[PDB]
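Quick notes on the structure that follows.
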Amino acid sequence: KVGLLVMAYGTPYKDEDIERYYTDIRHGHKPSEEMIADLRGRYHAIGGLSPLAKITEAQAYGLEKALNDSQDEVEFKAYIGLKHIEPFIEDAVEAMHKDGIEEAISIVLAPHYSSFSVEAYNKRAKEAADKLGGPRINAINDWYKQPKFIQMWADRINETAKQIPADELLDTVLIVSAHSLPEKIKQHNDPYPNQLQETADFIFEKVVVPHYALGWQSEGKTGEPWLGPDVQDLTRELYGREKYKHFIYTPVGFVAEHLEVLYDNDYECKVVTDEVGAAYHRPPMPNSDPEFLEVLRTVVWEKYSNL
Ligand SMILES: CC1=C(CCC(=O)O)c2cc3nc(cc4[nH]c(cc5[nH]c(cc1n2)c(C)c5CCC(=O)O)c(CCC(=O)O)c4C)C(CCC(=O)O)=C3C
Ligand SMILES: [Cl-]
Ligand SMILES: [Fe+2]
């Protein structure tokens, strides 16, 4: 009945895909052999390829089932629309149209909104809808305010923090982060940095960890300022000022274990904590955990109810 357009970045299915994938990320402008080798190396450092493709499938169809098992007002049919590899956003909308789906709710697998992320997802999805003639795309822009989302993260952080000696929890700090973007989005009151601060604040309101700070990660290869501080620079800064013994990294901008977590956090950030002599913690990402599917099920239903 109702189309469930679940959108995410996408990831190379094969080592042979890294090239066209990176090209699509660079809006067609093919990267150099050096850029490709750096990216391929990062993928190999996390075991070869990312599990994002399978986690994304599990989230998309785990969400479809969660919605369908919880009510019978409508039947949701989930179509996956990736940003930089097939099936693309336009392919998903094409499938919805050919399948007779005339109404759909779209959600990005990223809780926060920004001109670079969700807006691009929604523009492409809605423009594909306009051209094909359907379906009608009712887009969710953000859902970080979903109480179950905040609680999910607080629980994970609390699960980890209660593994920290009480006499060292005062020396523990929570690093909330998301994918960095060009700092210029802050010049036009882009909500992204604020949604992250709000998310960090909400989660801090509900965890035992007494210290927290908002960082950014995965800044791109460009020649303009990107949002900071970077989680690595932040870790250094915080150890210098407070000598924290435990760093709990929650890249709440992401919803799955993928390259931007398995490398930029589990490697690059751990390198810094190893350096300063502090402990590294990175709670499990939501992936397709039942409570996260419940978060998405709640977000999508509240959206449908408001249609
Ligand atoms: C806001 C945002 C999200 C969060 C929202 C969302 O989920 O959409 C996100 C997620 C992801 N980004 C990812 C991967 C990459 N992003 C890149 C590059 C870039 N991302 C950007 C932005 C974002 N990205 C930007 C503005 C660039 C620079 C483009 C340019 O300079 O032209 C590059 C190129 C190399 C590099 O710059 O590091 C890669 C490989 C993966 C998949 C990881 C895997 O494969 O497991 C995921 C989930
Ligand atoms: Cl992008
Ligand atoms: Fe990206």
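Order of appearance sets the numbers: ligands from 1, and atoms from 1 within every ligand. Start at 1 with the first residue, then count along the sequence. All values below come from the heavy atoms of this structure, side chains included, with hydrogens, waters and symmetry mates left out.
Not close to ligand 1: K83, with no non-hydrogen atom less than 4.0 angstrom away. In this structure, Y113 has no heavy atom closer than 4.0 Å to ligand 1. Within the 4.0 Å heavy-atom cutoff, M7 does not count among the residues contacting ligand 1.
Inclusion of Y22 in the set of residues having an N or O under 3.5 Å from an N or O of ligand 1 is not warranted. Checked against a 3.5 angstrom limit, the closest N/O atoms of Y9 and ligand 1 fall inside it. Considering backbone and side-chain atoms together, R42 places an N or O closer than 3.5 Å to an N or O of ligand 1.
Remark: ligand 1 atoms within the under-4.0 Å shell around heavy atoms of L39 are 40 (C). Each of the following atoms of ligand 1 lies closer than 4.0 Å to a heavy atom of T222: 31 (O). Within the listing of ligand 1, atoms 42 (C) sit less than 4.0 angstrom from a heavy atom of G10. Atoms of ligand 1 lying under 4.0 Å from at least one heavy atom of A110, given by number and element, are 5 (C). Taking every heavy atom of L259 and a limit of under 4.0 angstrom, the matching atoms of ligand 1 come to 43 (C), 44 (C), 46 (O). The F254 neighbourhood of ligand 1 comprises atoms 4 (C), 10 (C), with distances under 4.0 Å to a heavy atom of that residue. Residue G220 approaches ligand 1 through these ligand atoms, each under 4.0 Å from one of its heavy atoms: 37 (O). Less than 4.0 angstrom separates some heavy atom of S50 from each of these atoms of ligand 1: 44 (C), 46 (O).
By the 30° and 60° cut-offs, the orientation of the rings of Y192 relative to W216 is tilted. Using cut-offs of 30° and 60° on the angle between ring planes, the pair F202 and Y144 is parallel. A parallel orientation is assigned to the rings of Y249 and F247, their planes being inclined by less than 30° (bins at 30° and 60°). In this structure, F292 and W143 have tilted ring planes: the angle between them lies in the 30° to 60° band. The aromatic rings of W226 and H179 sit tilted relative to each other, their planes meeting at an angle between 30° and 60°.
Among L49, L262, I25, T56, the residue whose heavy atom lies nearest to atom 39 (C) of ligand 1 is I25. Remark: among candidates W226, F116, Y21, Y121, the nearest residue to atom 25 (C) of ligand 1 is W226, based on non-hydrogen atoms. Closest to atom 21 (C) of ligand 1 by heavy atom, among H179, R26, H258, is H179.
Within the 4.5 Å cutoff, the side chain of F116 has heavy atoms near those of the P182 side chain. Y113 is not listed as a side-chain neighbour of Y121, based on a closest heavy-atom distance of 4.5 Å or more.
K77 forms a cation-pi arrangement with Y79, by the criterion of a distance under 6.0 Å to the ring centre and an angle within 45° of the ring axis.
The backbone N or O of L132 lies less than 3.5 Å from a partner atom in the side chain of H97, making a donor-acceptor pair.
Tracing side-chain contacts under 4.5 Å through hydrophobic residues (I, L, V, M, F, W, Y), one reaches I25 starting from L39; they form part of the same cluster.
Checking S218 against the Fe ion (ligand 3), every N/O/S atom stays at or beyond the 2.8 Å cut-off.
The distance from atom OG of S70 to atom CD of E294, rounded to the nearest 0.5 Å, is 7.5 Å.
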